[PDB]
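Written below as structure tokens is the structure these notes are about.
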Amino acid sequence: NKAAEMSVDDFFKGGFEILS
Amino acid sequence: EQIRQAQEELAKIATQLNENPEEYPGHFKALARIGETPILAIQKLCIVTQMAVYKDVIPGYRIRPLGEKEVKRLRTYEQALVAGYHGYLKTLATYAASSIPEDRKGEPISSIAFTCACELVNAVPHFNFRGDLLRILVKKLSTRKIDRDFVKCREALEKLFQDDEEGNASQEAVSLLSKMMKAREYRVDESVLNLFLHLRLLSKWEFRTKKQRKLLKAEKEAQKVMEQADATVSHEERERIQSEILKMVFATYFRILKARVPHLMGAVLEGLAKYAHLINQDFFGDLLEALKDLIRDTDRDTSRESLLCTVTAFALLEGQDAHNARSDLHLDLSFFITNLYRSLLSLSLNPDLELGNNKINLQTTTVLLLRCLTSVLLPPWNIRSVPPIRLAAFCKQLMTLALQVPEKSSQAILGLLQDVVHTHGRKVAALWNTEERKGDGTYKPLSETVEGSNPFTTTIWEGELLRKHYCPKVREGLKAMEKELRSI
Amino acid sequence: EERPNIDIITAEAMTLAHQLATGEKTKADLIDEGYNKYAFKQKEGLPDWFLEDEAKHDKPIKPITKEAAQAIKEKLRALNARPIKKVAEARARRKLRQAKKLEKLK
Amino acid sequence: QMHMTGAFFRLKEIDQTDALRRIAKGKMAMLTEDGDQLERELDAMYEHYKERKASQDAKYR
Amino acid sequence: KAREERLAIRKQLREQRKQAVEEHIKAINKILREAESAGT
Amino acid sequence: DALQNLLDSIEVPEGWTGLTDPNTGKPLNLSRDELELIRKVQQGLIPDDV
Amino acid sequence: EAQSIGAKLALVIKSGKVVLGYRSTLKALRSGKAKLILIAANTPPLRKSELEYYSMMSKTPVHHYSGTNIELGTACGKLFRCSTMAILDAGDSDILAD
Amino acid sequence: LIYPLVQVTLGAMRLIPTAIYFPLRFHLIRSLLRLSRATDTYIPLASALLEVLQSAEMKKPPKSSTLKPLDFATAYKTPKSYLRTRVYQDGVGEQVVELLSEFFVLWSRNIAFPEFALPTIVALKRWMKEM
RNA sequence: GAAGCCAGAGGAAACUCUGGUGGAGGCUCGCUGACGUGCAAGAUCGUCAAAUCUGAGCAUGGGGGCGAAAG
């Protein structure tokens with residue numbers, strides 16, 4: 001479940017959480 | 001203009017050959033000479049029209065050289081067809097290799113040549129001079145410079161590999177690609193390697209007279225015995241060509257591993273994991289041993305390569321065929337499990353964990369770590385027979401991992417242990433309860449083996465640092481794990 | 001794109017190679033045995049019907065060692081001869097035959 | 001819907017031509033040492049014999 | 001239950017027949033529309 | 001190397017014999033001059049040069 | 001121009017003179033008063049050659065209809081198939097203008 | 001506004017890890033330790049400090065040079081004189097020790113210090129063994 | 001007793017209902033075992049055996065283990 005969802009490569013771009 | 005005159009001749013020849021091609025065998029040579037006009041406008045039109053007509057007139061079989069009335073005319077027409085096609089492919093090859101930069105009046109003549117060559121590959125592979133056609137495409141794929149033509153040539157070969165049902169066209173292209181890769185010392189764009197992953201070989205009462213009825217009865221019996229023999233021969237030829245392609249595909253894979261090309265090893269390991277089940281049993285154990293040597297070499301960048309091999313090793317065993325042959329073929333992943341365990345402490349300090357449908361070739365080392373951990377702790381098979389000591393050892397080390405990793409990596413591990421706690425539960429519950437702590441030894445953090453450490457003799461204390469972590473996602477992630485624990 | 005490789009596929013050829021690898025017959029011994037009745041036979045300009053007849057009926061009779069035969073079988077073995085799937089079905093087909101034979105006995 | 005689910009005389013390539021004027025006009029017409037050669041013959045029959053003897057397998061075919 | 005089961009098979013059979021001729025009838029019906037309309 | 005063994009298994013070397021050299025435990029491989037000698041004898045065309 | 005050819009075909013029979021079927025068009029061609037002949041695509045080759053021969057000897061223009069006999073009959077508004085058509089009077093259509 | 005602040009702080013931190021910006025990188029750590037010490041939030045600098053220690057210059061033997069040691073409070077870059085200087089590698093050497101102690105002394109009392117310091121201890125023993 | 005067809009009613013139709021014709025595959029009437037899968041502590045699925053009657057002529061097959069089959 002959660003492990004698979006975070007295992008996809010498009011989770012770790014680098015987008016800052018101030019510029020949403 | 002003269003282009004109108006040339007256009008009229010093009011329309012004349014093409015329609016004339018479409019309607020009744022046998023009567024005019026010289027139109028193929030006529031399409032040639034009017035193409036040697038020195039205006040680029042007609043040359044573009046001539047090349048496209050030649051592609052159009054040849055797709056119309058090429059038969060469904062090859063024709064042998066003669067050497068040595070209706071029969072004679074067919075011989076002359078077929079001989080004219082081969083001579084024109086041979087000349088056409090030479091002209092297409094010259095234009096493709098010609099200089100691309102020209103006046104910005106549109107796509108150059110080279111782009112049309114690649115378009116024409118790609119169409120012929122997907123339309124008439126069976127016909128003669130397939131190598132000359134495929135050599136145009138492969139020569140484009142040996143340059144390491146992505147442009148529109150490079151993608152077009154790659155897409156054409158992708159289509160050919162996954163639509164080839166016989167195997168002859170696939171084998172000839174695979175031999176060309178393997179030879180080119182060796183000749184370039186593996187300086188290729190790794191989209192050519194992905195072509196190997198697409199190989200499909202590796203995955204109304206009509207009245208009838210008295211004599212008319214007797215001929216059909218004879219024909220049906222002849223066709224029946226021929227169909228039975230054709231079925232048998234098809235199986236043997238398909239298996240033989242599969243072996244030949246498997247020889248070339250696997251030889252290229254291993255020569256890349258031996259030379260250690262950094263930008264190709266991810267693509268190679270995906271291929272090995274995909275096609276290992278198609279080869280002999282005794283070679284399957286060798287693949288695991290070869291993986292161990294690569295890991296041991298890196299133990300002597302480097303973190304990613306060892307994690308790539310570990311991902312491949314588990315993916316090899318996750319196959320159903322390899323899983324059922326665990327006991328018979330002596331496939332033990334204890335080496336990889338231990339090696340993954342002793343590397344967890346070092347991976348925390350690595351700052352490049354985030355510098356980045358595939359199962360092996362993944363660009364993020366953190367993703368590769370999660371795939372290995374999922375294999376060890378959440379296997380597709382025997383998920384509720386996993387040794388509790390192995391679960392506890394990784395669970396404690398993973399909380400230590402979560403302490404000193406980037407925010408997203410820490411969040412990913414936190415989510416992973418949420419699933420681990422949910423699926424197993426009581427096997428790891430004593431780690432978070434101090435009264436259930438074992439008292440038969442002392443915890444050994446830097447053990448050389450998973451069982452060597454005594455993980456049920458310690459307690460997970462890291463929650464008191466991760467509750468004050470700077471990332472709200474991590475704090476919510478930690479609260480997610482305890483909520484699962486409290487619901488156990 | 002910018003010498004003929006000799007590939008041994010014959011059982012008798014493997015046998016002679018094994019005798020050279022072992023200290024059984026030396027290079028000098030092989031040259032001496034080459035000067036036999038089959039030596040100095042013309043082949044260059046002779047028709048196929050003449051040559052193919054002799055190739056069928058003029059093959060020297062020489063012993064073949066089991067080690068030479070095994071090496072040829074290993075050398076010519078395909079890469080997809082014994083996958084995990086194929087071996088599994090053969091054993092499964094085996095167990096059925098004894099299972100069915102046991103039923104005919106019952 | 002259910003219904004839809006040696007050459008003969010043809011006026012296609014004769015139209016707009018002086019041939020059409022000729023045909024439509026309609027007059028009567030009627031249509032009215034070293035043994036090289038010996039070797040080549042011998043090899044020809046040998047190949048035919050080999051092909052014929054191999055073609056009686058139906059798996060060779 | 002037997003009433004709907006036979007009705008359900010009948011519905012599937014009629015649906016299969018409709019899916020076979022789902023557009024030929026409309027094309028003929030359309031082509032008949034300009035036939036008697038023509039130029040007026 | 002394990003990788004070299006896999007390469008040899010997939011594509012057998014020219015001088016591969018399947019034997020083991022007693023002097024050095026590595027596999028015994030024929031050389032080019034030896035392979036020519038087997039080729040000469042098995043065809044018989046040239047028992048000896050010159 | 002499939003819509004265009006059908007449009008003039010509908011008007012020509014709705015105003016002018018027309019006959020349908022193989023037997024009627026041969027009589028029209030023999031009469032020498034025919035003006036335009038339409039032959040369906042699925043017409044038997046012997047019937048195509050026969051009609052073209054009579055058309056030439058009468059100098060009656062011939063057109064090869066793209067569709068089949070079924071598509072021809074519906075284009076004419078009739079509920080039956082039709083392989084051959086003979087147009088005797090255009091009526092108020094430009095079918096004979098070209 | 002703590003989450004966005006340290007995100008951009010570590011971002012401007014990890015832009016280009018080179019010796020030229022080691023003094024620049026050092027100051028960004030001090031800003032983070034002050035924020036973590038005043039509040040009670042965890043900010044992981046163990047990788048950041050050890051990445052300093054495992055660069056090329058502290059592995060390669062230095063060169064004999066004599067000049068004024070640079071004051072690590074007013075510099076955003078390194079003058080070209082310090083590339084293999086004994087003074088520079090000592091100058092960073094005192095720094096990496098200092099922020100490591102400051103980072104570790106902050107959490108020197110929480111229940112989970114031994115595990116919080118275990119990977120750093122192993123790395124430091126490893127680095128000492130190679131040196 | 002089904003498709004199919006005819007007639008009437010509701011529905012824009014698709015269709016629904018009623019009354020008929022039609023008589024098909026199919027079903028009916030007369031005097032249990034062996035295995036395989038199982039990813040668990042055995043659930044669910046899949047393969048095979050039981051297979052128109054009869055006169056006069058006629059042909060082929062059969063054991064075991066090893067092996068991927070070819071042998």
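Just so we're on the same page: first chain in the structure tokens is A, next is B, and so on; residues restart at 1 for each chain, and ligands are numbered from 1 in the order they show up.
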Which neighbours of residue 197 in chain B fall inside 9 Å, counting only C-alpha atoms (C1' of nucleotides), when residues of the same chain fewer than 2 positions from it are skipped, and could you give them as a JSON list (two decimals) with N, CA and C atoms, in the first residue's frame?
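And here's result_22.json as it stands now:
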```json
[["chain", "number", "residue", "atom", "x", "y", "z"],
["B", 193, "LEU", "N", 19.38, -0.67, -26.12],
["B", 193, "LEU", "CA", 19.24, -1.83, -25.25],
["B", 193, "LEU", "C", 17.78, -2.12, -24.94],
["B", 194, "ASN", "N", 16.98, -1.08, -24.74],
["B", 194, "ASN", "CA", 15.56, -1.27, -24.44],
["B", 194, "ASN", "C", 14.83, -1.93, -25.60],
["B", 195, "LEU", "N", 15.41, -1.90, -26.80],
["B", 195, "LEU", "CA", 14.81, -2.60, -27.93],
["B", 195, "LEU", "C", 14.76, -4.10, -27.67],
["B", 199, "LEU", "N", 11.32, -7.68, -27.72],
["B", 199, "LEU", "CA", 11.29, -8.85, -28.59],
["B", 199, "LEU", "C", 10.10, -9.74, -28.26],
["B", 200, "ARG", "N", 9.25, -9.96, -29.26],
["B", 200, "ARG", "CA", 8.06, -10.77, -29.09],
["B", 200, "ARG", "C", 8.37, -12.26, -29.18],
["B", 202, "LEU", "N", 10.63, -13.61, -27.62],
["B", 202, "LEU", "CA", 11.15, -13.95, -26.30],
["B", 202, "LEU", "C", 10.12, -13.73, -25.20],
["B", 270, "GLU", "N", 17.73, -5.21, -15.89],
["B", 270, "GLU", "CA", 16.32, -5.38, -16.22],
["B", 270, "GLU", "C", 16.15, -6.50, -17.24],
["B", 271, "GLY", "N", 17.03, -6.54, -18.24],
["B", 271, "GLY", "CA", 16.96, -7.60, -19.23],
["B", 271, "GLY", "C", 17.24, -8.98, -18.65],
["B", 274, "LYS", "N", 14.30, -10.08, -16.74],
["B", 274, "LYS", "CA", 13.17, -10.37, -17.61],
["B", 274, "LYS", "C", 13.30, -11.72, -18.30],
["B", 275, "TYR", "N", 14.50, -12.07, -18.76],
["B", 275, "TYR", "CA", 14.68, -13.20, -19.66],
["B", 275, "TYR", "C", 15.48, -14.34, -19.06]]
```
Exercise for the section: Would you kindly report the residues of chain B within 12 Å of chain D, using only C-alpha atoms, as a ChimeraX atom specification? Expected result: /B:16,19-20,68,222-234,236
Exercise for the section: For residue 76 in chain H, please output as a list in words all residues within 8 Å (counting only C-alpha atoms (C1' of nucleotides); exclusion window: fewer than 2 positions along the same chain). Expected result: residues 21, 23, 24, 74 and 78 of chain H
Output the selection as a short mmCIF file (atom, residue, chain, number, x, y, z; two decimals), in the first residue's frame - N, CA, C and O atoms for each residue.
```cif
data_model
loop_
_atom_site.label_atom_id
_atom_site.label_comp_id
_atom_site.auth_asym_id
_atom_site.auth_seq_id
_atom_site.Cartn_x
_atom_site.Cartn_y
_atom_site.Cartn_z
N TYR H 21 33.11 26.70 -1.57
CA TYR H 21 32.01 27.17 -0.75
C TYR H 21 31.90 26.43 0.58
O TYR H 21 30.82 26.40 1.18
N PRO H 23 33.37 27.44 3.52
CA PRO H 23 32.96 28.45 4.51
C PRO H 23 31.51 28.86 4.35
O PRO H 23 30.83 29.11 5.35
N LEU H 24 31.02 28.95 3.12
CA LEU H 24 29.61 29.26 2.89
C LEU H 24 28.72 28.17 3.46
O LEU H 24 27.73 28.45 4.14
N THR H 74 33.39 35.71 7.98
CA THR H 74 33.19 36.79 7.03
C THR H 74 33.48 36.38 5.59
O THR H 74 33.75 37.25 4.76
N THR H 78 36.54 30.67 -0.99
CA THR H 78 37.90 30.38 -0.59
C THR H 78 38.89 30.95 -1.60
O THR H 78 38.82 30.60 -2.78
#
```
Problem - For CA of residue 38 in chain E and CA of residue 9 in chain G, the interatomic separation in Å (one decimal) - result: 8.6 Å
Sort by chain and increasing residue number a table of all residues of chain E within 9 Å of chain G, each with its closest pair of atoms and their distance in Å to one decimal, counting only C-alpha atoms, and write it as JSON lines.
```
{"residue": "E:28", "atom": "CA", "partner": "G:74", "partner_atom": "CA", "distance": 7.1}
{"residue": "E:31", "atom": "CA", "partner": "G:75", "partner_atom": "CA", "distance": 6.5}
{"residue": "E:32", "atom": "CA", "partner": "G:77", "partner_atom": "CA", "distance": 6.0}
{"residue": "E:33", "atom": "CA", "partner": "G:77", "partner_atom": "CA", "distance": 8.7}
{"residue": "E:34", "atom": "CA", "partner": "G:7", "partner_atom": "CA", "distance": 7.1}
{"residue": "E:35", "atom": "CA", "partner": "G:77", "partner_atom": "CA", "distance": 4.9}
{"residue": "E:36", "atom": "CA", "partner": "G:77", "partner_atom": "CA", "distance": 6.5}
{"residue": "E:37", "atom": "CA", "partner": "G:10", "partner_atom": "CA", "distance": 8.1}
{"residue": "E:38", "atom": "CA", "partner": "G:11", "partner_atom": "CA", "distance": 5.5}
{"residue": "E:39", "atom": "CA", "partner": "G:11", "partner_atom": "CA", "distance": 6.2}
{"residue": "E:40", "atom": "CA", "partner": "G:11", "partner_atom": "CA", "distance": 8.9}
```
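CA of residue 134 in chain B sits 12.2 Å away from CA of residue 116 in chain B.
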Give me, as CSV, the closest atom pair and its distance (Å, one decimal) for every residue of chain D within a cut-off of 12 Å of chain C, counting only C-alpha atoms, rows sorted by chain and rising number.
```
residue,atom,partner,partner_atom,distance
D:36,CA,C:47,CA,11.6
D:38,CA,C:47,CA,11.7
D:39,CA,C:47,CA,8.1
D:40,CA,C:47,CA,10.0
D:41,CA,C:47,CA,11.8
D:42,CA,C:49,CA,8.7
D:43,CA,C:48,CA,7.5
D:44,CA,C:49,CA,10.6
D:45,CA,C:49,CA,10.0
D:46,CA,C:49,CA,6.7
D:47,CA,C:49,CA,9.1
D:48,CA,C:49,CA,11.9
D:49,CA,C:49,CA,10.6
D:50,CA,C:49,CA,10.1
```
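Interatomic distance, CA of residue 25 in chain B to CA of residue 113 in chain B: 24.5 Å.
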Practice task
Show me which bits of chain E are within 9 Å of chain D, counting only C-alpha atoms, as a PyMOL selection string.
Solution key: chain E and resi 21+24-25+28
Write a file of the selected residues as a PDB file, in the first residue's frame, keeping N, CA and C atoms.
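Result file is selection.pdb:
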```
ATOM      1  N   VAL E  21     -25.541  -4.827 -36.445  1.00  0.00           N
ATOM      2  CA  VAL E  21     -26.128  -3.994 -37.488  1.00  0.00           C
ATOM      3  C   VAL E  21     -26.385  -2.594 -36.945  1.00  0.00           C
ATOM      4  N   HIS E  24     -25.324   0.071 -40.057  1.00  0.00           N
ATOM      5  CA  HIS E  24     -25.720  -0.092 -41.453  1.00  0.00           C
ATOM      6  C   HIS E  24     -27.131   0.426 -41.690  1.00  0.00           C
ATOM      7  N   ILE E  25     -28.040   0.181 -40.743  1.00  0.00           N
ATOM      8  CA  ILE E  25     -29.419   0.635 -40.896  1.00  0.00           C
ATOM      9  C   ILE E  25     -29.478   2.156 -40.933  1.00  0.00           C
ATOM     10  N   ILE E  28     -28.151   3.535 -44.299  1.00  0.00           N
ATOM     11  CA  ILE E  28     -29.158   3.405 -45.348  1.00  0.00           C
ATOM     12  C   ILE E  28     -30.302   4.381 -45.107  1.00  0.00           C
TER      13      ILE E  28
END
```
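Residue list for chain F within 7 Å of chain B: residues 2, 3, 7 and 10 of chain F, counting only C-alpha atoms.
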Handout entry: Every residue of chain D that DSSP places in helix (DSSP H, G or I), as a ChimeraX atom specification
Key = /D:18-25,36-54
Practice task
Might you pull out every residue within 12 Å of residue 96 in chain C, with only C-alpha atoms (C1' of nucleotides) counted and same-chain residues fewer than 6 positions away left off, and present them as a VMD selection string?
Solution key: (chain C and resid 89 to 90 102 to 103) or (chain I and resid 34 to 36 47 to 48)
